[PDB]
Amino acid sequence: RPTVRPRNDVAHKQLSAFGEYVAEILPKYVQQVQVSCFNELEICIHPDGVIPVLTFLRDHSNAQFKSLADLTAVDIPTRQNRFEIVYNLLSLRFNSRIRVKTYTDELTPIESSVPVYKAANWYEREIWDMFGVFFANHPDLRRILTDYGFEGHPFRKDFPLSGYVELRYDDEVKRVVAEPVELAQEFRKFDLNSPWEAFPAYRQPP
Amino acid sequence: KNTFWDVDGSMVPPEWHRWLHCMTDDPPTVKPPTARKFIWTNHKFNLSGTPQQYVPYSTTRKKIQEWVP
Amino acid sequence: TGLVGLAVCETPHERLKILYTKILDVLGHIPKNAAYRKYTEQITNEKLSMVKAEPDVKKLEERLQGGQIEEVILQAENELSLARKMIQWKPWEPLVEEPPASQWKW
Amino acid sequence: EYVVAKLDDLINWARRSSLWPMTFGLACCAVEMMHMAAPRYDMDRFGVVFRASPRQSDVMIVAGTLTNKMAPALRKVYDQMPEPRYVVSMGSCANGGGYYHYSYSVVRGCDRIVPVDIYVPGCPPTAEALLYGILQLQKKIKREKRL
Amino acid sequence: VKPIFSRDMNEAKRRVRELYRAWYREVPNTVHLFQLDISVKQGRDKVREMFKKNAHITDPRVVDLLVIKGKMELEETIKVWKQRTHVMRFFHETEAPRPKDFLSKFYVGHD
Amino acid sequence: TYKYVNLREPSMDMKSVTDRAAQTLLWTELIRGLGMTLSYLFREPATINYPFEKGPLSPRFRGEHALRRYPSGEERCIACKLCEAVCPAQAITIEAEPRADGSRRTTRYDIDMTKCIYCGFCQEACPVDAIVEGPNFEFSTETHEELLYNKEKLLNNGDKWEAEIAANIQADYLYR
Amino acid sequence: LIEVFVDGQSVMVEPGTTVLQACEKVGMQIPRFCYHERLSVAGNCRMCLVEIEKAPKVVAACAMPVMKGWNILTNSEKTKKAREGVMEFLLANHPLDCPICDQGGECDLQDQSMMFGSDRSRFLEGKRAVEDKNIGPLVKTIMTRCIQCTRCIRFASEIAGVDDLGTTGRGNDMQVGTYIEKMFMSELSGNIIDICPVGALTXXXXXXXXXXXXXXXXXXXXXXXXXXXXXXXX
Amino acid sequence: XXXXXXXXXXXXXXXXXXXXXXXXXXXXXXXXXXXXXXXXXXXXXXXXXXXXXXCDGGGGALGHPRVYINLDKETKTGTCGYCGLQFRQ
Ligand SMILES: NC(=O)c1ccc[n+]([C@@H]2O[C@H](COP(=O)([O-])OP(=O)(O)OC[C@H]3O[C@@H](n4cnc5c(N)ncnc54)[C@H](OP(=O)(O)O)[C@@H]3O)[C@@H](O)[C@H]2O)c1
Ligand code: SF4
Ligand code: SF4
Ligand code: SF4
Ligand code: SF4
Ligand code: SF4
Ligand code: FES
Ligand SMILES: [Zn+2]
């Protein structure tokens, strides 16, 4: 292969050492599942303790991460437990990227990452906005990307793309901008999904 | 339009992609315009708010329904 | 001479030696059977030997840091806070928490 | 009789001479609106002055995307404007939501908030095409107050 | 227990009571500071109809989340936030509004 | 790589201190800053007045949509719904019916200008090269209705730009 | 029942079960052209070729049964070299109709090129075209788009009753038509358009009206004709 | 051809006793020039030498994928999928 392959695996075995090192501590409180693919590491964490996992990787003699920078969340209705809050972490001294995930349904409150990371509070507001996941012991939980008179949570797959309150008229009332009107133009639902399985090995037995 | 004091870019025939900005060769000197008898012979101005302008139109014949004695 | 960061570059030796000796005792208070104590100790002992051998050399600061002594002192300053938090909240020593539901593949 | 018809054009010539637009930085369109200042394509002191100000300006350009958060915000700006006011919806987002549209947050059409007189269709609305929007505005002013 | 939320069963009910007092005191204040809009008495009637739809109470987990949301959408007035009589308005102004009957809805023909 | 932004004390003793003090006592560098705009005033400005002069362009530029046709009559658009699915704005709609007898080419063909973020994707996805993006700037309306394009018609009225399109596509086959 | 492992995983199957039928139990679909649901088992394409653990020649999935406990791999090195090759042979004499063609996404051959066949290039020069076959009301048949297989040939003989479709030539000239100029009978032969994988036989009443892309599907039982259930309407 | 006032283009109906069409009154409605496909039949049919002929618009420059057309029946000349051009013998 010359153009077909992106990069050959060489650091994959080196990154697999981290998949053993953190797992050598072996907590049922923390570890659970460790996944490593395409020069990247992924860890999912039990809901009971998220803060003790975040205090780890911060400082530490073996690996120095410090920056718990970017913070995402996954909406998926397949599992019994719905949401999956995903932390993307980066090291400056070590130069590596590790991932921290949560497995809980988190309609019930989850522990905040504000005491460990300063910029985490702004991302925590977005998760409460789009997904509707409350963070316990959080300072200033305020709406950012949502409207001031917005109902529900705008991202959830349970409701349509257009929404319920979206169209804003002016018409009859001199100053009051309208809200209750719900109709919008037709978004064409594409049913484009290819027959036959796309890739081998990814197939799971029923 | 019959205007000399005020005129927009509605004027000028097929030459905008020629000596006006893009191409190097002049439209009546070196590079000739291709004939196909499909293109309009007389150049038209902008639609604007004036009469004889752009309009939307229906396309489908729809579902037919008829009742007769 | 001063470091680029806000932390002031102060000429202090053995300051790194005090903090690295302090954290070893904290680890030997509550966890003993846990692997957290067993793995972190051998890295710290390896680093302490480099300080004792090299007297105020930039090569000693270049080992596993390479951003002067000011950056290495910050690594020791938060090490005591990380060890105390690990001692307070039991996670390394005890493992008994419930397992997740069987789903992972997207 | 003849003086009445000619004096009306003189008042219309005053707006044909100069038009002061509002500098709304609410878009990628706003960067192309900054290309009106860029010397290569200029209406600057040809008619356009970048001083703007919420009250003194005659024209307001609604640049691109508007959310439901900015829907009450842009409406109160329109009320502060003087009676001879013209609104240009420069960009496909301003015309009816170029992208997004079917989205929850983006307001469709802009005319649901503020009425539009001149529409500019372009996403990256090229400064060449942006020059039409002001020139068409000057051409559209023909007759005001007969009686 | 799991999961905590904030309160356990009976304690969650009294959190709604504390929330009710804070919002009842703001509706006379949001006439002079905000705008006249409709009425002070009619604004207080808008409060009672809002809590009637929320009135179910089966688990404290559902109740606790309503308190946090209740300290947000009804908080959009206390600390002075911009709305300009467009946001935080719950009642429909342009509603038709439709009725539920086999003679009223069927005459208009819907669904 | 390191470059360093800090000067690290430009003044040391006597001679180096006085000139650093002279620029703060009076001005000097402000008068030197005045000279920057002074020469900038004299040099000729690059300005284009639109109703007479025109700005620079390219052989491939996307503006207002227009569908092309064959040299011997016949609509080039074959009706696929290919360009419909690629369209990221979903501005283009297509419903097709058989044309009289034999031929099967279009019936409904609306492209929204309220939508459309201008990609050239519909130009690329088209195997027959029907929608070719012509050098267009002039489009200004009073309503949305006048702005959004109807069932071909106004798109077919792009014959006034199809002479330029035929010239531009000659710089497009075997790309640049 | 004898058990034989396919792709290392063991699956129990019947003594007279087919190779592709055994593959369904392991949750793997081989590339098909000649059916396995209701139409009779026949070769005449050699697409579903699979390589055994110790065999010099690959065997077809439609014909060859498992019988003895032998290992067969679906994602083997020999199978992928086979699947890319056969696709090129199918498309060496194919009229190129894809944008005009009545199917587009619904076409089984269209997906198999994307999933299995060679992408970068296809070596071909000069393709033969067949004359249009006569058809009555339903299915505007085009003989050029046809890949010349045995699916609709056996459908008229077994499923429909009245036989019409067969062979006409020998080489790359053999048509799937009736040879004699006669319109196809009704009865239940209207379902023949849905059976064919290629865009050769497709309903004339709803031809070129809507593509497979952008169509919302819903299942509902038919009102016309009794004992009719499950029919997808776009 | 035109019905009452509005002209039909590419098979289109105007209005049934003037009810739907109302917007096209002050502004003139658009119409495509020669949309009846009269230019399709105006082009002369080319003679073929081989049994199967390949069609092209104008090489790789003009958008035309290559389709082979069969000529076997004497009655009704064969035409390609993209063009209205017919071939005989
Ligand atoms: N509160 C009240 O005053 C009251 C009480 C009881 C009943 N009403 C009823 O309610 C209605 C109120 O309407 P209004 O007074 O608000 O209307 P208005 O302000 O006078 O507006 C009418 C408009 O129509 C145009 N127009 C009318 N007749 C015209 C003509 N012959 N030629 C040219 N233009 C003409 C005028 O345009 P130009 O200005 O350009 O000519 C004017 O802008 C009245 O018809 C009245 O019967 C009112
Ligand atoms: S129309 Fe295009 S350039 Fe303008 S705001 Fe929208 S996305 Fe940005
Ligand atoms: S524009 Fe091109 S891709 Fe779109 S329907 Fe017409 S021929 Fe097909
Ligand atoms: S340019 Fe892009 S958005 Fe516009 S019609 Fe083509 S594909 Fe759609
Ligand atoms: S039969 Fe399938 S692959 Fe062949 S042209 Fe038709 S849609 Fe394309
Ligand atoms: S028409 Fe279809 S089913 Fe019949 S032989 Fe040809 S490809 Fe096979
Ligand atoms: S698919 Fe098995 S022989 Fe054709
Ligand atoms: Zn052709």
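Easy rule for this one: first residue shown is 1, then count along the chain.
Cβ atoms here come from the backbone N, Cα and C positions, even for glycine.
Secondary structure at G:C34 ([2Fe-2S] cluster binding site), taken from DSSP and collapsed to helix, strand or coil, is coil. Taking all protein chains in view, 24 other C-beta atoms sit within 10 angstroms of the C-beta of G:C34 ([2Fe-2S] cluster binding site). Per Swiss-Prot, the feature [2Fe-2S] cluster binding site maps to G:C34, G:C45, G:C48, G:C62.
The C-beta environment of G:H94 ([4Fe-4S] cluster 1 binding site), restricted to residues of the same chain at least 6 apart in sequence and closer than 8 Å, consists of G:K127, G:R145, G:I147. What Swiss-Prot records for G:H94, G:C98, G:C101, G:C107 is [4Fe-4S] cluster 1 binding site, and it gives sequence analysis as the kind of evidence.
Spatially close to G:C149 ([4Fe-4S] cluster 2 binding site) yet at least six residues away along the chain are G:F33, G:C34, G:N44, G:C45, G:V176, G:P197, judged by Cβ distances under 8 angstroms. Per Swiss-Prot, the feature [4Fe-4S] cluster 2 binding site maps to G:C146, G:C149, G:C152, G:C196.
The annotation domain '4Fe-4S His(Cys)3-ligated-type' is assigned in Swiss-Prot to G:78-117 on the grounds of sequence analysis.
Under the heading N6-acetyllysine, Swiss-Prot lists G:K54, citing similarity to another entry as support. A sphere of 10 angstroms centred on the C-beta of G:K54 (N6-acetyllysine) encloses 7 other C-beta atoms.
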Take the domain '4Fe-4S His(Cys)3-ligated-type' (G:78-117) and count its residues per DSSP category (helix H/G/I, strand E/B, coil), listing them in that order. 21 helix, 0 strand, 19 coil
Relative to the Cα of G:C196 ([4Fe-4S] cluster 2 binding site), which of the recorded positions G:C48, G:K54, G:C62, G:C98 have a Cα no more than 10 Å away? none
Around the Cβ of G:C146 ([4Fe-4S] cluster 2 binding site), other Cβ atoms within 10 Å, all chains included, total 23
In whole Å, how far is G:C48 ([2Fe-2S] cluster binding site) from G:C107 ([4Fe-4S] cluster 1 binding site) when you measure between their Cα atoms? 17
Given G:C34, G:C45, G:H94 as the binding-site residues, which ones have a Cβ positioned under 6 Å from some atom of ligand 6? none
Checking the binding-site residues G:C34, G:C48, G:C98, G:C107, G:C149, G:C196: which ones have Cβ within under 6 Å of ligand 5? G:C98, G:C107
How many Å lie between the Cα of G:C48 ([2Fe-2S] cluster binding site) and the Cα of G:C152 ([4Fe-4S] cluster 2 binding site)? 18
Counting other CB atoms within 10 Å of each candidate's CB, the least crowded of the binding-site residues G:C98, G:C107, G:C152, G:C196 is G:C98
For G:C152 ([4Fe-4S] cluster 2 binding site), the spatially nearest of the recorded positions G:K54, G:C62, G:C98, G:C101, using Cα atoms, is G:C62
C-beta crowding around G:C48 ([2Fe-2S] cluster binding site), within 10 angstroms: 27
Protein Cβ atoms within 10 Å of G:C62 ([2Fe-2S] cluster binding site), excluding its own: 25
